[PDB]
Ligand SMILES: [Zn+2]
Ligand SMILES: [Zn+2]
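As structure tokens, then:
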């Protein structure tokens, strides 16, 4: 009713934020709706322009590319 400690108006200043950890802000953003902060980006040795999320292709769409022997 007329009680409660938490539960007040919260400014929407924030606009974007990492997707992996989602701390508060995002260092960069991808054209596929995927952002990553310095922390994470740095963590992932292979920080190639390539997108990690998409790369996974988890229940995405029919796209044949091919494995990587290396
Ligand atoms: Zn992050
Ligand atoms: Zn992506």
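Numbering (PDB author numbering), first residue to last: 1 to 70. Ideal placement from N, C-alpha and C gives every residue a C-beta, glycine not left out.
By DSSP, does residue i sit in helix, in strand, or in coil?
| i | result |
| --- | --- |
| residue 30 | strand |
| residue 46 | coil |
| residue 52 | helix |
| residue 19 | coil |
Do residue i and ligand 1 come close, with the Cβ less than 6 Å from some heavy atom?
| i | result |
| --- | --- |
| residue 39 | yes |
Can you tell which of the options has the C-alpha that lies nearest to the C-alpha of residue i?
| i | options | result |
| --- | --- | --- |
| residue 38 | 28, 8 and 46 | 28 |
| residue 18 | 5, 69, 42 and 7 | 42 |
| residue 55 | 40, 69 and 34 | 34 |
Taking 6 Å as the cut-off, does the CB of residue i come closer than this to any heavy atom belonging to ligand 2?
| i | result |
| --- | --- |
| residue 53 | yes |
| residue 56 | no |
| residue 34 | yes |
What does residue i pair with, by DSSP beta-bridge criteria?
| i | result |
| --- | --- |
| residue 35 | 29 |
Could you check if residue i belongs to the surroundings of ligand 4, using beta carbon to heavy atom distance under 6 Å?
| i | result |
| --- | --- |
| residue 28 | With respect to small molecules bound, the structure shown includes ligand 1 and ligand 2 and not ligand 4. |
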